[PDB]
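Read the figures in this text as sums done on the coordinates, not as results from a lab. Reconstructed Cβ throughout: ideal geometry from the backbone, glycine too, with neighbour counts over all protein chains shown.
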Amino acid sequence: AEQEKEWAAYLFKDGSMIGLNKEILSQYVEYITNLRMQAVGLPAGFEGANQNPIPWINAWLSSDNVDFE
Amino acid sequence: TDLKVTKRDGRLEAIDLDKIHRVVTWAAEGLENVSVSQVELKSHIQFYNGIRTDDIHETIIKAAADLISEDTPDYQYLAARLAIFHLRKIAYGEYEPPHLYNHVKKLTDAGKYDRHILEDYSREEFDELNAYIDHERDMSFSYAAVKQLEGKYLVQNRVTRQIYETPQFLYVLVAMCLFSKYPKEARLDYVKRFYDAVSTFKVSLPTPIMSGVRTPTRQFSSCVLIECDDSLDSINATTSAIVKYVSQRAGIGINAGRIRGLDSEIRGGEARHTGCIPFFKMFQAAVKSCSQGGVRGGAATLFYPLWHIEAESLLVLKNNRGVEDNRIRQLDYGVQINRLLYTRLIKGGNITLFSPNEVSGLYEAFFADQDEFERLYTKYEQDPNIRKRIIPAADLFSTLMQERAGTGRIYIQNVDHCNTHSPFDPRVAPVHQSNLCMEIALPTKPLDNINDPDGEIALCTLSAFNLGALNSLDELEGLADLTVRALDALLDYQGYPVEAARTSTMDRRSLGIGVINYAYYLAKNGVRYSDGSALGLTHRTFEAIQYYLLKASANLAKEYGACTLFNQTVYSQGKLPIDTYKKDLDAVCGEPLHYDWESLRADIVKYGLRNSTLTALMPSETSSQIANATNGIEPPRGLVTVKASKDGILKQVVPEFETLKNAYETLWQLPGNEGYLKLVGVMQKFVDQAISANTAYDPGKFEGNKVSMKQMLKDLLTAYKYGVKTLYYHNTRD
Amino acid sequence: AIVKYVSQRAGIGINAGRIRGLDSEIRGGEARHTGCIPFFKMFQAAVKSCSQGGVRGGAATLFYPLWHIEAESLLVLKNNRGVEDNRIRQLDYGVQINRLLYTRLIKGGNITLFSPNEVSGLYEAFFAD
Amino acid sequence: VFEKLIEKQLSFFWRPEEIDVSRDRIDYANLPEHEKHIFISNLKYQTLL
Ligand SMILES: Nc1ncnc2c1ncn2[C@H]1C[C@H](O)[C@@H](COP(=O)(O)OP(=O)(O)OP(=O)(O)O)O1
Ligand SMILES: Nc1ncnc2c1ncn2[C@H]1C[C@H](O)[C@@H](COP(=O)(O)OP(=O)(O)OP(=O)(O)O)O1
Ligand SMILES: Nc1ccn([C@@H]2O[C@H](COP(=O)(O)OP(=O)(O)O)[C@@H](O)[C@H]2O)c(=O)n1
Ligand SMILES: [Mg+2]
Ligand SMILES: [Mg+2]
């Protein structure tokens, strides 16, 4: 996980970009790690485990996966 | 290339690659489930060279509030933060306003304010009071608030839109201006209470008072009344009056049920030139004039009695399909009704309409008594040689109800209940009309020309205290103990265009106030509207403010003299409005009388002579969004309210949506209007002036998806039984 | 005055060429609320009233100068085919003309209309020198 | 719950030349240098992995 995080710096230490530069992608990979590891049996290595830092990606990724008163 | 933009100053900036997420992170610094990437991407903005960062903020906030729903209704606070940020930018550019002086002393000569505040206070205590308004509380609004605020709530040129104020200095500025004529020994320690009240959203204020405070044009009323009798000079005078008065934030209750029929002219000539049809065009064109102060367009509301020889044949004037002879659809028509007309319909009597001026002692008798009124009504049915028009009540009522269901704007006033519960004395000066919003009443005298003091028109002034933003009702007294006092200084401070309007409003000093939020307090209580658990649940605390506001008024006016016309009031006799109600059974929502403060009325008869009116219940539709409350007493259309106006499409949310997701009830889920009727009748137990009620149906719960004719008539009748106040929009649902 | 006087066999020469343009409001507010279009409805309804003594129906006649910033775009108000925004066909409209306007047309000068109240010493000068 | 289903689920088969991908070259020139750099870096990482 730390190796992938360190990798996600070289392709970004040249300039900004819309959508995600360093913090959004870091939160995304941390959440992906924490969500994927809790499917084989292992203590959670990252705390928080909050909402998906980028939810629209779930829109494309294999929605059809396998009186008188 | 040269990826530059027009920055705040005008110089060519960078490519806006970085430093763009900084503002959205500043916004969502303590929120949750907010998709910063989505809102930064779903903006769908064009990136052409030659854009201004102000326009970029405008479009990103236009796209921010667009993507909102009950799924993630969280970053509306983010939209509000961005809004107040852009506002503070367009105000100064930086994020640090001056110390209340460099802004006030530097902009006083700009003419937007009144050139007396600086001459009414001291520079020394100015800075002392300045260190009490840290703007950190300004980050608690909603987008639905800042939207209307930037639209029309604060001082700004209506052609340039260059805003020159800040929603934080607003409250303290109005609280300082309202306390000018006061002893210089406690005002400094007294304004802080009012500021803490208004800033914490505990007390709500309308546009007429927040759109017009500290402004050179000193006008602060909310509604006015006027009635015209059979005279040309009177018609010219009232036309001049409506043309001149509506130009400053006015509300009109015009009444012209005493002009003429179509019988004849004595001294030779036509009767009335087709009657009221051409005459009402004058009033329609008059009310269609300059904006009411520069915020919106006013709309008056006329009235006429049902027994008019010109029958409901003119009532079609609000219908859509028809010739252009008489179809003036620009007003809110009104018709009068008493306790006998519905009885004549139930018995089946064919009502015979007649001419007002052709008979004597009938129009005033329509409001005065019953014996002489009935005797005359039958004596004419007996008198042959006078020209009338008879028709079965069924056809007339059916046409009226069809027109109401079609246009959805025809209002009806219950004159019988308009006197049997008013604090005035219905023996020397009864009521005759109501304002366009149908929540107030006061005597009115016609006039021959505006320059004469013979005539007299009246007005009022509103305010609102929240119900739900509190923790315990006990402190409410103190709250009241401020606001009415403040409201006192409001009366002797404003100006009056009509020379005759000054005397009546300086004498009676009529004043009524209400409430904004209703659903949040009911949900916090724990009862709904359908079953009826709220039929008496609101009689525990809400039944106490109406009786304890008089206590505050007495304690705050026991030494401020007396009302020059206090003798013309039923409450001036010695009986408090604690049991003077004509309920159906007086026990439909039976509960013990919680606060029978006879010492209050004792001290009132002793020396207590306060403002004539006490309170009211206004819908406060344009208001109540500054604090993000429920619009009036009516429940919301849904959990999230999608509203539309000339600005765009807004999406407001009800408070406590997270912890009370399913705790309210949508008006789409309440088919029985009997619950709403019982609720407003329970409110009738302590209402002072009136309530602006409303009904609504749904064609998805009828036989053939078509409206009925007796079920809604039954609802009207059971509303006429108990809890009998004005009517309003039919409010169908397409 | 028009409401009271027309009721006895009267003939009206109303003139309102000095009301306002559509520029702005000094003390804060809209310029003129679309200008003369809503204001003239008042006069139109006023003259449409009781018979002039009981014999016939009177009909007034308004006037306005050609150099008004609100140009002949409002002159269409007497036309038949059009929307109901401003088509009040109940009056006898009038327009002012001098010795120079026709000359400016003959020479071909594109007349530039302007606001009456925004400038000083122009309306009376239109009749003086 | 194995290849008996998941290998039987591989029915999404598709020819890569069967799709139309032509707008790439028309929408690749006018772009920042770093954008193309990171795009090619991602493509290389994907193909190598
Ligand atoms: N890098 C950028 N280039 C151009 N506009 C930008 C950029 N970042 C943001 N904007 C938009 C949003 C800002 O509210 C607006 C300019 O506001 P401004 O405060 O002057 O930007 P700034 O914070 O970079 O300057 P400064 O640091 O001096 O305050 O333009
Ligand atoms: N020129 C008119 N001819 C006929 N009726 C008119 C005329 N102008 C107005 N009316 C309508 C509205 C007036 O209230 C009513 C006449 O009453 P009024 O204004 O007092 O004049 P009047 O005294 O000459 O007639 P009357 O004796 O009937 O009151 O008829
Ligand atoms: N367009 C309108 C609407 C209402 N009103 C008046 O304002 C009251 C109801 O409107 P409101 O209380 O929602 O106005 P705000 O205080 O919300 O700005 C009634 O007394 C109306 O007569 C008005 O003057 N003009
Ligand atoms: Mg900045
Ligand atoms: Mg008369």
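Against the condition surrounded by fewer than 20 Cβ atoms within 10 Å (Cβ to Cβ), within 14 Å of another protein chain (Cβ to nearest Cβ) and either within 16 Å of ligand 1 (Cβ to nearest atom) or among the β-branched types (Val, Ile, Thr) (or both), how does B:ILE259 come out, does it pass? Spelling it out, it is not the case that B:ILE259 is surrounded by fewer than 20 Cβ atoms within 10 Å (Cβ to Cβ), within 14 Å of another protein chain (Cβ to nearest Cβ) and either within 16 Å of ligand 1 (Cβ to nearest atom) or among the β-branched types (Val, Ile, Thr) (or both). Of all residues in the range B:269-324, those being within 30 Å of B:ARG218 (Cα to Cα) and at the interface with chain C (Cβ under 8 Å from one of its Cβ atoms) number 10. A residue that is surrounded by fewer than 21 Cβ atoms within 10 Å (Cβ to Cβ), of a type in the set (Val, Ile, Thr) and outside any loop (DSSP other than H, G, I, E, B) cannot be found anywhere in the range B:417-437.
The set of residues from the range B:403-449 being in contact with a strand residue (DSSP E or B) (Cβ under 7 Å, 6 or more places away or on another chain) and aliphatic (A, V, I, L, M) comprises B:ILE412, B:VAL415, B:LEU436, B:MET438, B:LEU442.
Of the residues making up the range A:52-69, those that are assigned to a loop (DSSP other than H, G, I, E, B), out of contact with any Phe, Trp or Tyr (no Cβ under 8 Å at 6 or more places or on another chain) and within 14 Å of chain B (Cβ to nearest Cβ) are A:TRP60, A:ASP67, A:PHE68, A:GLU69. Here C:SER49 fulfils each of the conditions (1) more than 9 Å from every other protein chain (Cβ to nearest Cβ); (2) in contact with a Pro (Cβ under 9 Å, 6 or more places away or on another chain) apart from (1). Only one entry of C:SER115, C:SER120 meets the criterion of being within 14 Å of the chain's Cα centre (by Cα) and among the hydroxyl-bearing types (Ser, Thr, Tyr), and that entry is C:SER115.
Would you mention how many residues in the range D:10-49 are within 13 Å of chain A (Cβ to nearest Cβ), loosely packed, with under 10 Cβ neighbours inside 10 Å and more than 12 Å from the chain's Cα centre (by Cα)? Within the range D:10-49, residues that are within 13 Å of chain A (Cβ to nearest Cβ), loosely packed, with under 10 Cβ neighbours inside 10 Å and more than 12 Å from the chain's Cα centre (by Cα) number 6.
Figure legend. Inter-residue proximity from the range A:27-50: first residues surrounded by 12 or more Cβ atoms within 10 Å (Cβ to Cβ), second residues in a helix (DSSP H, G or I) and among the acidic types (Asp, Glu), beta-carbon distance below 6 Å, spacing 6+ or different chains. Indicated pairs: A:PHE46/A:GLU30. Scanning the range B:247-283 for residues that are closer than 18 Å to B:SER234 by Cβ, of a type outside the set (D, E, K, R) and within 30 Å of the chain's Cα centre (by Cα) yields a count of 12. Between B:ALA286, B:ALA299, B:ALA311, the distinction of being surrounded by fewer than 21 Cβ atoms within 10 Å (Cβ to Cβ) and within 19 Å of B:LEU225 (Cβ to Cβ) belongs to B:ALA299 only. Of all the listed residues (B:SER43, B:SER35), the sole one being under 19 Å from B:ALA63 (Cα atoms), under 40 Å from the mean Cα position of the chain (by Cα) and more than 14 Å from ligand 1 (Cβ to nearest atom) is B:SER35. Taking each residue of the range B:1-21 that is more than 9 Å from chain A (Cβ to nearest Cβ) and looking for partners that are part of a strand (DSSP E or B) and among the hydroxyl-bearing types (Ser, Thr, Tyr) with beta-carbon atoms closer than 8 Å, six or more apart or interchain, yields B:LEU12/B:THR6; B:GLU13/B:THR6. When the range B:214-233 is limited to residues that are more than 11 Å from chain C (Cβ to nearest Cβ) and more than 16 Å from ligand 3 (Cβ to nearest atom), the one that is surrounded by the fewest Cβ atoms within 10 Å (Cβ to Cβ) turns out to be B:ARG218.
Scanning the range C:1-49 for residues that are within 16 Å of ligand 2 (Cβ to nearest atom) and part of a helix (DSSP H, G or I) gives C:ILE2, C:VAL3, C:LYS4, C:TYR5, C:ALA45, C:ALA46, C:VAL47. Looking across the range B:139-170 at every residue that is more than 14 Å from chain C (Cβ to nearest Cβ) and either surrounded by fewer than 19 Cβ atoms within 10 Å (Cβ to Cβ) or of a type in the set (S, T, N, Q) (or both), the one that is farthest from B:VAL203 (Cα to Cα) is identified as B:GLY151. For beta carbons closer than 9 Å, sequence separation of 6+ or different chains, a first residue in the range B:377-390 that is more than 18 Å from B:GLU310 (Cβ to Cβ) and a second that is hydrophobic (A, V, I, L, M, F, W, C) and exposed (fewer than 13 other Cβ atoms within 10 Å of the Cβ), the qualifying pairs are B:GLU381/B:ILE390.
Restricting the range B:338-358 to residues that are surrounded by 18 or more Cβ atoms within 10 Å (Cβ to Cβ) and of a type outside the set (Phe, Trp, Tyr), the residue that is farthest from the other protein chains (Cβ to nearest Cβ) is B:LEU353. Of all residues in the range B:270-316, which are of a type in the set (A, V, I, L, M), touching a helix residue (DSSP H, G or I) at 6+ places or on another chain (Cβ under 8 Å) and over 26 Å from B:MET210 (Cβ atoms)? Of everything in the range B:270-316, those that are of a type in the set (A, V, I, L, M), touching a helix residue (DSSP H, G or I) at 6+ places or on another chain (Cβ under 8 Å) and over 26 Å from B:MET210 (Cβ atoms) turn out to be B:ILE277, B:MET282, B:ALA285, B:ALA286, B:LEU302, B:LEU306, B:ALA311, B:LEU314, B:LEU315, B:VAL316.
Quick one: which of B:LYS112, B:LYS62 is charged (D, E, K, R) and closer than 20 Å to B:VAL155 by Cβ? Checking each option against the conditions leaves just B:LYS112.
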